[PDB]
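Here is the structure we will look at, set down as structure tokens.
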Amino acid sequence: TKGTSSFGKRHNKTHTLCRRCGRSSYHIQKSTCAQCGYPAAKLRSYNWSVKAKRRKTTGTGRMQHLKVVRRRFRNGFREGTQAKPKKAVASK
Amino acid sequence: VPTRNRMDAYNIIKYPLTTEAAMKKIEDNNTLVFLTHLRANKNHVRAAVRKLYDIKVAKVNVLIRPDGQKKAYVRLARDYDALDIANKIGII
Amino acid sequence: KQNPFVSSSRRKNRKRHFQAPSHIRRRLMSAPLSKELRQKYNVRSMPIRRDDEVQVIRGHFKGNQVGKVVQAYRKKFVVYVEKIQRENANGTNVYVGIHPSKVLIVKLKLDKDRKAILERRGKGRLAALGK
Amino acid sequence: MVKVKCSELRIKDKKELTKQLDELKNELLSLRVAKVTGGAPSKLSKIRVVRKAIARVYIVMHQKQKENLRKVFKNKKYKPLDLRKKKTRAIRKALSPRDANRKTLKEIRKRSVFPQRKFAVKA
Amino acid sequence: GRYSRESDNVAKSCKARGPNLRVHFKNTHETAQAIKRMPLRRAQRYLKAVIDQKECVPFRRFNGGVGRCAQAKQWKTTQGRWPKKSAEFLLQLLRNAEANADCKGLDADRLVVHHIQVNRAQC
Amino acid sequence: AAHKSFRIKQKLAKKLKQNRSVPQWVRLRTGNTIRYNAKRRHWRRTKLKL
RNA sequence: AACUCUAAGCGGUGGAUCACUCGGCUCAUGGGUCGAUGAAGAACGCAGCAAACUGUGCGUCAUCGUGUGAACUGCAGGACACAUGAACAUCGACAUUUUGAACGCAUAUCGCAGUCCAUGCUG
RNA sequence: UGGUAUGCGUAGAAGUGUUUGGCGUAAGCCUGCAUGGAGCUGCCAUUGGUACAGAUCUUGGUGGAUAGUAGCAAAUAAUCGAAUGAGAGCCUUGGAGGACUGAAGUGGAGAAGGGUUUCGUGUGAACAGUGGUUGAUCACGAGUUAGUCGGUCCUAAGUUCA
């Protein structure tokens, strides 16, 4: 009778929330992500899956550290301080 | 560094709940109910309450809200009456 | 634009003025100095500073309503001036949006900052006349 | 209240700075107490001013730690990782200027007698 | 506004509309038709009669599969229905127009409906 | 489920916050495209599902 | 009559057509600037009012320093600290969560240890 | 698109409705009138993503079927009737009254699952293929407290991998 009835016995979550990507695609039984190769060094970023890379790429996230690296390059990675050529006394 | 201790007595207690049901528990059961950090292990809550507000804490029972926050129900020693202390914190 | 850094391109220029960070927005939101003030300081224009008296050279008012700028609302690209308001159906007097490129600045606030900028404007005034 | 300047902090001893952190934190809490009722200035801004005041005081005391560490580790080789010029990974390992200019004894002879001299051709 | 035929030097007239009102597109068309060019005072009495099942509204355009009612033989057509919800909304808008008529100081007795036009609103 | 793992409870809890109808004073902003909150997840209309 | 047919006027319905566009596309030009000094990406919590976008990390819609020099703005708490500074940029000093190469071991568990330093309580 | 008519133009462009008048065998053109609001065209050369009725074409919209024809019919199924409201057979509800499932339950709990759905308050449009003041709706708030129950821990089938 396994027609809609085949849908009716579907209660057992095969995939749970990815530790790497939250895309809910990690196989309990194989302990491995479809897509994002779950704790086996490589993320499985396929060049056949052009769209997959597009999701996984830089720019989908805030790119926090690396954005600051770009501006510092133009500064020629200087540690110091520019400060102030003229007065400028803070008194009340 | 060294990196300063990231759970001060302050941070542990974010707010008092002040909700309608929570206020009743001050009156009747002598409990002061606080919104707490999800990092606060109960024993954090006791320490912080004791230190900030001078109160001897008897027991602490801790709930997680479906709003991703903690509620800590802090039972006070019978020497300290709740309702005075709530209004020392300034909140009716 | 003869130099290679250089957008004549319509789409790019529209990025610049519409999406303008507030400091570029001041430049855009400059108003020319009154014929009086042009004799005194030899300055074309200054970027609107709150207590500046203003006369609106266009729409509906076309000469006068000698009033002081409440705030330069740079994100709306609009300047609101005290005494210049449009009657709403709900009796509520709401300020008329006045672009500073419609305006004469009649009175300039003097700060050490403001004077220095008038002075920059004074010094360059000599140069291209020379040229 | 008048939002703390960094300049005002920097005169003060570290003991006074830590002391002001306690006092601002008690004030932050008293203002959080107000926040419940929709606190005395109808929507509560003052809570933002004081939270950011605590941030600024923390920073000035941290910068004084940071320079304290820098002056101790000054004259001392192998300074802690966060004092080391976080430039980029590649640049750090990319051969110090001394150790790029290094020329074989023979190359010094070759160059010493025959350095390319600024001459000319022709009519 | 634009009542779409504007009757008599617009000083003699008071008007009504109602879009989007959630009543059956062509029930309203057919009830409208039974009111058109009829004295208003009689017209309300006819609409009251419809709901009281004394009289059937004649189902002229949108004929099928409307069975049959004896009570439409007054209007010479075999097929009548009592479509109560439609008749109620036309009633409300008649009373609005009469209320508007009193404001203009139009003579109550001499109100005749000279136009009803029902058009289809967005589904 | 019925007693939800803590990771699940945090994700669902954030989702409950999303299900709120936009403050109506934000709708009045200059170049405000926001008419409504439109990502309102009503649990028997849009699950979270899978 | 009604309806139907045919045409026209007017009203609907519907979004074609036009004109616009802070976007797209393609070619050219300059530069080389991720990561165990803990990345890119993910999750999580954050605005006076936000639920997202965007921004950020527990100092959470952002902080130093620096530049400019008075906004933000929907409503407002604020606005004050416009002369030492708003706010935006610069962003070279710091912070930079839980993670993820991901590093004590695990992960339908935010689960469970070991170690050093340290705090309160009891002694 | 190059050139040009020192072209037209917010004093109304283009667009478009049009028993305006006319031209050409036609492809098609102009003009009037109404609407309109911000830009546009003729001519000579120059290039094409260049003209549609169709492709069981595509995509969006709309008819006749049909303001109603299928139907909205299994589990009898209500009903008196008080309260309220804009409206009330149900849904709001008491009292009342016909019955239903007939403790192997349409009950009383939980797992697997759900994810705020629970609950109070407000209660309108949309939704409940019917109404609907009421709801698992919509809006606004609150609520899930453990040393002893589970997770945890442990191993199994089995797995992650130095």
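How things are named: the first chain in the structure tokens is A, the next is B, and so on; residues count from 1 in each chain; ligands count from 1 in the order shown.
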
Counting only C-alpha atoms (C1' of nucleotides), which residues of chain A sit at most 7 Å from some atom of chain G, and what is each one's closest atom pair with its distance in Å to one decimal, listed by chain and rising residue number, as a Markdown table?
```
| residue | atom | partner | partner_atom | distance |
| --- | --- | --- | --- | --- |
| A:20 | CA | G:42 | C1' | 5.6 |
| A:21 | CA | G:42 | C1' | 4.4 |
| A:22 | CA | G:42 | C1' | 6.2 |
| A:41 | CA | G:101 | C1' | 6.4 |
| A:56 | CA | G:41 | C1' | 6.0 |
| A:57 | CA | G:41 | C1' | 7.0 |
| A:58 | CA | G:40 | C1' | 5.8 |
| A:61 | CA | G:41 | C1' | 6.8 |
| A:66 | CA | G:34 | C1' | 6.1 |
| A:69 | CA | G:33 | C1' | 6.3 |
| A:70 | CA | G:33 | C1' | 5.1 |
| A:73 | CA | G:33 | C1' | 5.2 |
| A:78 | CA | G:92 | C1' | 6.0 |
| A:79 | CA | G:92 | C1' | 5.7 |
| A:80 | CA | G:92 | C1' | 5.8 |
| A:81 | CA | G:92 | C1' | 5.8 |
| A:82 | CA | G:66 | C1' | 6.8 |
| A:83 | CA | G:66 | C1' | 6.4 |
| A:88 | CA | G:84 | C1' | 6.4 |
| A:89 | CA | G:84 | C1' | 6.8 |
| A:90 | CA | G:84 | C1' | 5.1 |
```

Residues from the last selection, N, CA, C and O atoms, saved as a CSV table (one decimal), in the first residue's frame:
```csv
chain,number,residue,atom,x,y,z
A,20,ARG,N,29.8,22.2,10.0
A,20,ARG,CA,30.6,23.0,9.1
A,20,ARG,C,29.7,24.1,8.6
A,20,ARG,O,30.0,25.3,8.6
A,21,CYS,N,28.4,23.8,8.0
A,21,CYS,CA,27.7,24.8,7.2
A,21,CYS,C,26.3,25.0,7.6
A,21,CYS,O,25.6,25.8,7.0
A,22,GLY,N,25.7,24.3,8.6
A,22,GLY,CA,24.4,24.2,9.0
A,22,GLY,C,23.3,23.9,8.0
A,22,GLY,O,22.1,24.1,8.2
A,41,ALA,N,39.2,16.8,6.3
A,41,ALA,CA,39.9,18.0,5.9
A,41,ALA,C,39.3,18.9,4.9
A,41,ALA,O,39.0,20.1,5.1
A,56,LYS,N,29.6,28.7,-1.4
A,56,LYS,CA,30.7,28.5,-0.4
A,56,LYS,C,31.7,29.6,-0.3
A,56,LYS,O,32.4,29.8,0.6
A,57,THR,N,31.7,30.5,-1.4
A,57,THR,CA,32.7,31.5,-1.6
A,57,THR,C,32.6,32.7,-0.6
A,57,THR,O,31.6,33.1,-0.1
A,58,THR,N,33.8,33.3,-0.5
A,58,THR,CA,34.1,34.6,0.0
A,58,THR,C,33.0,35.5,-0.6
A,58,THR,O,32.6,35.5,-1.7
A,61,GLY,N,29.8,35.7,3.3
A,61,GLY,CA,30.0,36.0,4.7
A,61,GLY,C,30.7,37.3,4.7
A,61,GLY,O,31.0,37.9,3.7
A,66,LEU,N,40.0,39.5,6.3
A,66,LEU,CA,40.7,39.6,5.0
A,66,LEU,C,40.5,40.9,4.3
A,66,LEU,O,41.4,41.4,3.6
A,69,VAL,N,43.0,43.3,5.5
A,69,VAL,CA,44.3,43.1,4.9
A,69,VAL,C,44.6,43.8,3.6
A,69,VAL,O,45.7,44.2,3.3
A,70,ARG,N,43.5,44.0,2.8
A,70,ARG,CA,43.5,44.8,1.6
A,70,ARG,C,43.9,46.2,1.7
A,70,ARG,O,44.7,46.7,0.9
A,73,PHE,N,47.6,46.7,2.8
A,73,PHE,CA,48.6,46.5,1.8
A,73,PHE,C,48.9,47.8,1.1
A,73,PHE,O,50.1,48.1,0.8
A,78,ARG,N,52.4,49.0,7.9
A,78,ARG,CA,53.1,49.7,8.9
A,78,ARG,C,52.4,49.6,10.3
A,78,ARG,O,51.2,49.8,10.4
A,79,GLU,N,53.2,49.3,11.3
A,79,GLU,CA,52.8,49.2,12.7
A,79,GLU,C,52.5,50.4,13.4
A,79,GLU,O,51.6,50.4,14.2
A,80,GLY,N,53.2,51.5,13.0
A,80,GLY,CA,53.2,52.8,13.9
A,80,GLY,C,51.9,53.6,14.0
A,80,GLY,O,50.8,53.1,14.0
A,81,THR,N,52.1,55.0,14.1
A,81,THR,CA,51.0,55.9,14.3
A,81,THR,C,51.3,57.2,13.6
A,81,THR,O,52.5,57.6,13.5
A,82,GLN,N,50.3,57.7,12.9
A,82,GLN,CA,50.4,58.9,12.1
A,82,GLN,C,50.6,60.2,12.9
A,82,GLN,O,51.3,61.1,12.5
A,83,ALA,N,49.7,60.3,13.9
A,83,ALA,CA,49.4,61.5,14.7
A,83,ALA,C,49.1,62.8,14.0
A,83,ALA,O,48.5,62.7,12.9
A,88,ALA,N,45.2,72.6,18.2
A,88,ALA,CA,44.9,71.3,18.9
A,88,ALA,C,45.4,71.1,20.3
A,88,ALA,O,46.1,70.1,20.6
A,89,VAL,N,45.0,72.0,21.3
A,89,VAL,CA,45.2,71.8,22.7
A,89,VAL,C,43.7,71.6,23.3
A,89,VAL,O,42.9,72.5,23.2
A,90,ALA,N,43.5,70.4,23.9
A,90,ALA,CA,42.3,70.2,24.7
A,90,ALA,C,42.4,70.8,26.1
A,90,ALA,O,43.1,70.3,27.0
```

**Test item: residues at most 10 Å from residue H:39, only C-alpha atoms (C1' of nucleotides), excluding those fewer than 3 positions along its chain, as a VMD selection string** = (chain G and resid 19 to 20) or (chain H and resid 9 to 10 13 to 14)

Write a file of the just-selected residues containing C-alpha atoms (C1' of nucleotides), as a PDB file, in the first residue's frame.
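Output file result38.pdb is given in full below:
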```pdb
ATOM      1  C1'   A G  19       9.858  57.012 -21.475  1.00  0.00           C
ATOM      2  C1'   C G  20      13.165  56.446 -17.300  1.00  0.00           C
TER       3        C G  20
ATOM      4  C1'   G H   9       9.742  69.888 -27.513  1.00  0.00           C
ATOM      5  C1'   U H  10       7.027  70.344 -20.650  1.00  0.00           C
ATOM      6  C1'   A H  13       7.535  64.909 -25.922  1.00  0.00           C
ATOM      7  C1'   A H  14       7.040  59.908 -26.540  1.00  0.00           C
TER       8        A H  14
END
```

**Request:** List every residue of stretch 2-79 of chain E that DSSP, applied to the backbone of this structure, places in helix (DSSP H, G or I), and write the result as number ranges by chain.
**Result:** E: 25-33, 40-51, 70-72

Export, as a CSV table (one decimal), in the first residue's frame, the selected residues with N, CA, C and O atoms.
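Heads up, here's the output in part_27.csv:
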```
chain,number,residue,atom,x,y,z
E,25,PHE,N,-20.3,38.2,-8.2
E,25,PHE,CA,-20.2,39.1,-9.3
E,25,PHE,C,-21.5,39.3,-10.0
E,25,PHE,O,-21.8,40.5,-10.1
E,26,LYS,N,-22.2,38.3,-10.4
E,26,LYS,CA,-23.3,38.5,-11.2
E,26,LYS,C,-24.6,38.4,-10.6
E,26,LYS,O,-25.6,38.6,-11.2
E,27,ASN,N,-24.6,38.1,-9.3
E,27,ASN,CA,-25.9,38.1,-8.4
E,27,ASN,C,-26.3,39.6,-8.3
E,27,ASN,O,-27.5,39.9,-8.4
E,28,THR,N,-25.3,40.4,-8.0
E,28,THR,CA,-25.3,41.9,-7.9
E,28,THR,C,-25.7,42.5,-9.2
E,28,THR,O,-26.5,43.5,-9.1
E,29,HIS,N,-25.2,41.9,-10.4
E,29,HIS,CA,-25.6,42.4,-11.7
E,29,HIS,C,-27.1,42.3,-11.9
E,29,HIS,O,-27.8,43.2,-12.5
E,30,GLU,N,-27.7,41.2,-11.5
E,30,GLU,CA,-29.0,40.8,-11.8
E,30,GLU,C,-30.0,41.4,-10.8
E,30,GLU,O,-31.1,41.8,-11.2
E,31,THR,N,-29.6,41.6,-9.5
E,31,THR,CA,-30.4,42.4,-8.6
E,31,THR,C,-30.4,43.9,-8.9
E,31,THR,O,-31.4,44.5,-8.7
E,32,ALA,N,-29.3,44.4,-9.4
E,32,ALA,CA,-29.1,45.8,-9.8
E,32,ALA,C,-30.2,46.1,-10.9
E,32,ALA,O,-30.9,47.1,-10.8
E,33,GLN,N,-30.3,45.2,-11.9
E,33,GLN,CA,-31.2,45.3,-13.0
E,33,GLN,C,-32.6,45.4,-12.6
E,33,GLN,O,-33.4,46.0,-13.4
E,40,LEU,N,-37.2,54.6,-5.9
E,40,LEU,CA,-36.4,54.2,-4.8
E,40,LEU,C,-37.2,53.7,-3.6
E,40,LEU,O,-36.8,52.6,-3.0
E,41,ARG,N,-38.2,54.4,-3.2
E,41,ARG,CA,-39.1,54.0,-2.2
E,41,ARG,C,-39.7,52.6,-2.4
E,41,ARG,O,-39.8,51.8,-1.5
E,42,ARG,N,-40.2,52.3,-3.6
E,42,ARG,CA,-40.7,51.1,-4.0
E,42,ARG,C,-39.5,50.1,-4.0
E,42,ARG,O,-39.7,48.9,-3.8
E,43,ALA,N,-38.3,50.5,-4.5
E,43,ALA,CA,-37.2,49.7,-4.7
E,43,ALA,C,-36.7,49.0,-3.4
E,43,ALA,O,-36.3,47.8,-3.5
E,44,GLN,N,-36.7,49.7,-2.3
E,44,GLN,CA,-36.3,49.1,-1.0
E,44,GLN,C,-37.3,48.1,-0.6
E,44,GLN,O,-37.0,47.1,-0.1
E,45,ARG,N,-38.6,48.4,-0.8
E,45,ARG,CA,-39.7,47.6,-0.5
E,45,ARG,C,-39.6,46.3,-1.3
E,45,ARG,O,-39.9,45.2,-0.8
E,46,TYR,N,-39.1,46.4,-2.6
E,46,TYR,CA,-38.9,45.2,-3.4
E,46,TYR,C,-37.8,44.4,-2.9
E,46,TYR,O,-37.9,43.1,-2.9
E,47,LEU,N,-36.7,45.0,-2.5
E,47,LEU,CA,-35.5,44.3,-2.0
E,47,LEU,C,-35.8,43.6,-0.6
E,47,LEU,O,-35.2,42.6,-0.4
E,48,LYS,N,-36.7,44.2,0.2
E,48,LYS,CA,-37.2,43.6,1.4
E,48,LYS,C,-38.1,42.4,1.1
E,48,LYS,O,-38.0,41.4,1.9
E,49,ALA,N,-38.9,42.5,0.1
E,49,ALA,CA,-39.8,41.5,-0.4
E,49,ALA,C,-39.0,40.3,-0.9
E,49,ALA,O,-39.4,39.1,-0.6
E,50,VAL,N,-37.9,40.5,-1.6
E,50,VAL,CA,-37.0,39.5,-2.1
E,50,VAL,C,-36.5,38.6,-1.0
E,50,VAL,O,-36.5,37.3,-1.2
E,51,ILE,N,-36.0,39.1,0.1
E,51,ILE,CA,-35.4,38.5,1.2
E,51,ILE,C,-36.4,37.8,2.0
E,51,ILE,O,-36.2,36.8,2.7
E,70,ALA,N,-41.6,30.7,-9.7
E,70,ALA,CA,-42.9,31.2,-10.1
E,70,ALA,C,-43.0,32.6,-10.0
E,70,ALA,O,-43.7,33.3,-10.8
E,71,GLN,N,-42.2,33.3,-9.1
E,71,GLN,CA,-42.3,34.6,-8.6
E,71,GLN,C,-41.6,35.6,-9.5
E,71,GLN,O,-41.5,36.8,-9.2
E,72,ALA,N,-41.2,35.1,-10.7
E,72,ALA,CA,-40.5,36.0,-11.6
E,72,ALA,C,-41.3,36.2,-12.9
E,72,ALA,O,-40.9,36.8,-13.8
```

**Request:** Write out as a list in words all residues of chain B that DSSP puts in strand (DSSP E) for this structure's backbone.
**Result:** residues 13, 14, 15, 16, 31, 32, 33, 34, 35, 36, 57, 58, 59, 60, 61, 62, 63, 64, 70, 71, 72, 73, 74, 75 and 76 of chain B

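When the distance limit is 8 Å and only C-alpha atoms (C1' of nucleotides) are what count, the residues near stretch 73-86 of chain H, minus those fewer than 4 positions from it on the same chain, are residues 93, 94, 95, 96, 97, 98, 99 and 133 of chain H.
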
Write out the residues from the selection above, keeping N, CA, C and O atoms (P, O5', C5', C4', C3', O3' and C1' of nucleotides), as a PDB file, in the first residue's frame.
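Output contents, as saved in out_33.pdb:
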```pdb
ATOM      1  P     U H  93     -18.056  27.201  22.113  1.00  0.00           P
ATOM      2  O5'   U H  93     -18.835  27.421  23.464  1.00  0.00           O
ATOM      3  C5'   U H  93     -18.257  28.044  24.599  1.00  0.00           C
ATOM      4  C4'   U H  93     -19.335  28.446  25.577  1.00  0.00           C
ATOM      5  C3'   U H  93     -20.511  27.497  25.885  1.00  0.00           C
ATOM      6  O3'   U H  93     -20.084  26.507  26.792  1.00  0.00           O
ATOM      7  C1'   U H  93     -21.372  29.664  25.387  1.00  0.00           C
ATOM      8  P     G H  94     -21.023  25.233  26.890  1.00  0.00           P
ATOM      9  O5'   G H  94     -22.046  25.641  28.016  1.00  0.00           O
ATOM     10  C5'   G H  94     -21.496  25.996  29.314  1.00  0.00           C
ATOM     11  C4'   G H  94     -22.586  26.731  30.121  1.00  0.00           C
ATOM     12  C3'   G H  94     -23.821  25.911  30.399  1.00  0.00           C
ATOM     13  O3'   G H  94     -23.498  24.987  31.432  1.00  0.00           O
ATOM     14  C1'   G H  94     -24.447  27.962  29.799  1.00  0.00           C
ATOM     15  P     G H  95     -24.174  23.592  31.423  1.00  0.00           P
ATOM     16  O5'   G H  95     -25.702  23.946  31.571  1.00  0.00           O
ATOM     17  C5'   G H  95     -26.206  24.515  32.799  1.00  0.00           C
ATOM     18  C4'   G H  95     -27.686  24.804  32.657  1.00  0.00           C
ATOM     19  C3'   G H  95     -28.445  23.648  32.030  1.00  0.00           C
ATOM     20  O3'   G H  95     -28.751  22.696  33.034  1.00  0.00           O
ATOM     21  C1'   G H  95     -29.010  25.495  30.903  1.00  0.00           C
ATOM     22  P     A H  96     -28.819  21.173  32.544  1.00  0.00           P
ATOM     23  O5'   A H  96     -29.925  21.208  31.427  1.00  0.00           O
ATOM     24  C5'   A H  96     -31.290  21.376  31.791  1.00  0.00           C
ATOM     25  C4'   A H  96     -32.134  21.310  30.502  1.00  0.00           C
ATOM     26  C3'   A H  96     -31.876  20.144  29.590  1.00  0.00           C
ATOM     27  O3'   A H  96     -32.339  18.920  30.172  1.00  0.00           O
ATOM     28  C1'   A H  96     -31.914  21.993  28.276  1.00  0.00           C
ATOM     29  P     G H  97     -33.606  18.058  29.861  1.00  0.00           P
ATOM     30  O5'   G H  97     -33.369  17.740  28.370  1.00  0.00           O
ATOM     31  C5'   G H  97     -34.384  17.218  27.545  1.00  0.00           C
ATOM     32  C4'   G H  97     -33.903  17.247  26.066  1.00  0.00           C
ATOM     33  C3'   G H  97     -32.998  16.159  25.671  1.00  0.00           C
ATOM     34  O3'   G H  97     -33.771  14.945  25.507  1.00  0.00           O
ATOM     35  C1'   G H  97     -32.064  18.109  24.754  1.00  0.00           C
ATOM     36  P     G H  98     -32.937  13.594  25.635  1.00  0.00           P
ATOM     37  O5'   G H  98     -32.596  13.244  24.107  1.00  0.00           O
ATOM     38  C5'   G H  98     -33.687  13.171  23.197  1.00  0.00           C
ATOM     39  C4'   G H  98     -33.115  13.116  21.775  1.00  0.00           C
ATOM     40  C3'   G H  98     -32.047  12.073  21.602  1.00  0.00           C
ATOM     41  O3'   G H  98     -32.715  10.839  21.382  1.00  0.00           O
ATOM     42  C1'   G H  98     -31.258  13.950  20.782  1.00  0.00           C
ATOM     43  P     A H  99     -32.207   9.529  22.135  1.00  0.00           P
ATOM     44  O5'   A H  99     -31.107   9.020  21.106  1.00  0.00           O
ATOM     45  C5'   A H  99     -29.760   8.786  21.526  1.00  0.00           C
ATOM     46  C4'   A H  99     -28.819   9.178  20.421  1.00  0.00           C
ATOM     47  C3'   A H  99     -27.403   8.634  20.549  1.00  0.00           C
ATOM     48  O3'   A H  99     -26.997   7.350  20.121  1.00  0.00           O
ATOM     49  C1'   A H  99     -27.320  10.939  20.048  1.00  0.00           C
ATOM     50  P     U H 133     -16.017  36.898  12.899  1.00  0.00           P
ATOM     51  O5'   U H 133     -16.015  37.101  14.466  1.00  0.00           O
ATOM     52  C5'   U H 133     -15.305  38.255  15.057  1.00  0.00           C
ATOM     53  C4'   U H 133     -15.903  38.587  16.453  1.00  0.00           C
ATOM     54  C3'   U H 133     -15.857  37.473  17.461  1.00  0.00           C
ATOM     55  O3'   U H 133     -15.621  37.918  18.808  1.00  0.00           O
ATOM     56  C1'   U H 133     -18.161  37.966  17.075  1.00  0.00           C
TER      57        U H 133
END
```

**Item:** Selection near residue C:111, 12 Å with only C-alpha atoms (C1' of nucleotides), sequence-local residues under 5 positions removed, as JSON, numbers by chain
**Value:** {"C": [49, 51, 116, 117, 118], "G": [69, 82, 83]}

Could you write out the selected residues, including C-alpha atoms (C1' of nucleotides), as a PDB file, in the first residue's frame?
```pdb
ATOM      1  CA  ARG C  49      26.365  75.332   8.457  1.00  0.00           C
ATOM      2  CA  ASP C  51      22.856  79.250  11.651  1.00  0.00           C
ATOM      3  CA  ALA C 116      40.093  79.011   7.501  1.00  0.00           C
ATOM      4  CA  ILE C 117      37.959  77.615   4.677  1.00  0.00           C
ATOM      5  CA  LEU C 118      36.984  81.146   3.566  1.00  0.00           C
TER       6      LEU C 118
ATOM      7  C1'   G G  69      33.791  69.664  11.334  1.00  0.00           C
ATOM      8  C1'   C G  82      29.729  71.497  17.491  1.00  0.00           C
ATOM      9  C1'   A G  83      36.539  74.664  20.625  1.00  0.00           C
TER      10        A G  83
END
```

Please check the contacts: residues of chain E at most 12 Å away from chain H, using only C-alpha atoms (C1' of nucleotides), listed as a compact mmCIF listing (two decimals) with N, CA and C atoms, in the first residue's frame.
```txt
# COMPACT_ATOMS: atom_id res chain seq x y z
N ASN E 20 -13.90 46.93 -3.15
CA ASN E 20 -14.17 45.55 -3.29
C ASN E 20 -15.12 45.02 -2.26
N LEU E 21 -16.43 44.81 -2.62
CA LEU E 21 -17.34 44.19 -1.67
C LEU E 21 -17.54 42.74 -2.05
N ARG E 22 -17.39 41.79 -1.10
CA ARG E 22 -17.20 40.36 -1.24
C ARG E 22 -18.52 39.61 -1.43
N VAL E 23 -19.25 40.00 -2.50
CA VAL E 23 -20.48 39.40 -2.94
C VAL E 23 -20.30 39.06 -4.38
N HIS E 24 -20.76 37.84 -4.71
CA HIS E 24 -20.96 37.26 -6.08
C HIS E 24 -21.24 38.22 -7.22
N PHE E 25 -20.27 38.18 -8.24
CA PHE E 25 -20.15 39.15 -9.30
C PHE E 25 -21.46 39.34 -9.99
N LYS E 26 -22.17 38.29 -10.38
CA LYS E 26 -23.31 38.48 -11.25
C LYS E 26 -24.61 38.37 -10.58
N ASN E 27 -24.63 38.08 -9.26
CA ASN E 27 -25.87 38.12 -8.45
C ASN E 27 -26.27 39.56 -8.31
N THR E 28 -25.26 40.41 -8.04
CA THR E 28 -25.33 41.86 -7.89
C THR E 28 -25.73 42.46 -9.17
N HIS E 29 -25.24 41.95 -10.36
CA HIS E 29 -25.61 42.44 -11.67
C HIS E 29 -27.12 42.34 -11.92
N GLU E 30 -27.67 41.17 -11.53
CA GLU E 30 -29.05 40.77 -11.75
C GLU E 30 -30.04 41.43 -10.81
N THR E 31 -29.63 41.61 -9.54
CA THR E 31 -30.39 42.40 -8.59
C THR E 31 -30.41 43.86 -8.90
N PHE E 59 -33.46 36.59 -13.14
CA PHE E 59 -32.08 36.19 -13.42
C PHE E 59 -31.89 36.20 -14.91
N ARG E 60 -31.59 37.39 -15.41
CA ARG E 60 -31.69 37.68 -16.81
C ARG E 60 -30.54 37.19 -17.68
N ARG E 61 -29.27 37.41 -17.27
CA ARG E 61 -28.10 37.31 -18.19
C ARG E 61 -27.43 36.03 -17.98
N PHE E 62 -27.32 35.70 -16.66
CA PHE E 62 -26.48 34.65 -16.13
C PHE E 62 -27.40 33.51 -15.73
N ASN E 63 -28.11 32.97 -16.77
CA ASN E 63 -29.32 32.22 -16.61
C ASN E 63 -29.18 30.84 -16.01
N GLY E 64 -28.04 30.15 -16.11
CA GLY E 64 -28.04 28.72 -15.87
C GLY E 64 -26.92 28.29 -14.97
N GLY E 65 -27.09 27.20 -14.16
CA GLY E 65 -28.19 26.33 -14.14
C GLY E 65 -29.12 26.66 -13.02
N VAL E 66 -29.54 27.95 -12.93
CA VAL E 66 -30.63 28.49 -12.16
C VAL E 66 -31.88 27.78 -12.53
N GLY E 67 -32.47 26.98 -11.60
CA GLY E 67 -33.78 26.44 -11.80
C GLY E 67 -34.79 27.54 -11.76
N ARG E 81 -34.48 33.81 -8.60
CA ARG E 81 -33.75 33.38 -7.40
C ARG E 81 -33.89 34.51 -6.44
N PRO E 83 -31.28 36.02 -4.13
CA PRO E 83 -29.87 35.93 -3.74
C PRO E 83 -29.58 36.89 -2.57
N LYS E 85 -27.57 37.69 0.05
CA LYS E 85 -26.40 38.50 0.40
C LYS E 85 -26.20 39.68 -0.49
N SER E 86 -26.43 39.53 -1.84
CA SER E 86 -26.33 40.59 -2.83
C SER E 86 -27.35 41.71 -2.58
N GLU E 88 -28.81 42.65 0.27
CA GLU E 88 -28.40 43.37 1.44
C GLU E 88 -27.39 44.46 1.22
N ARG E 120 -16.76 44.06 -12.35
CA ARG E 120 -16.13 43.03 -11.55
C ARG E 120 -14.90 43.54 -10.88
```

Could you give me, as JSON lines, a per-residue list for chain C showing, wherever an atom lies at most 8 Å from an atom of chain G, the closest pair of atoms and their distance in Å to one decimal, using only C-alpha atoms (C1' of nucleotides) and sorting by chain then residue number from low to high?
```
{"residue": "C:11", "atom": "CA", "partner": "G:22", "partner_atom": "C1'", "distance": 7.7}
{"residue": "C:14", "atom": "CA", "partner": "G:22", "partner_atom": "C1'", "distance": 6.1}
{"residue": "C:15", "atom": "CA", "partner": "G:22", "partner_atom": "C1'", "distance": 4.8}
{"residue": "C:18", "atom": "CA", "partner": "G:22", "partner_atom": "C1'", "distance": 6.4}
{"residue": "C:19", "atom": "CA", "partner": "G:22", "partner_atom": "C1'", "distance": 6.7}
{"residue": "C:21", "atom": "CA", "partner": "G:88", "partner_atom": "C1'", "distance": 6.0}
{"residue": "C:22", "atom": "CA", "partner": "G:88", "partner_atom": "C1'", "distance": 5.6}
{"residue": "C:23", "atom": "CA", "partner": "G:88", "partner_atom": "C1'", "distance": 6.5}
{"residue": "C:49", "atom": "CA", "partner": "G:70", "partner_atom": "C1'", "distance": 7.7}
{"residue": "C:113", "atom": "CA", "partner": "G:69", "partner_atom": "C1'", "distance": 7.6}
```
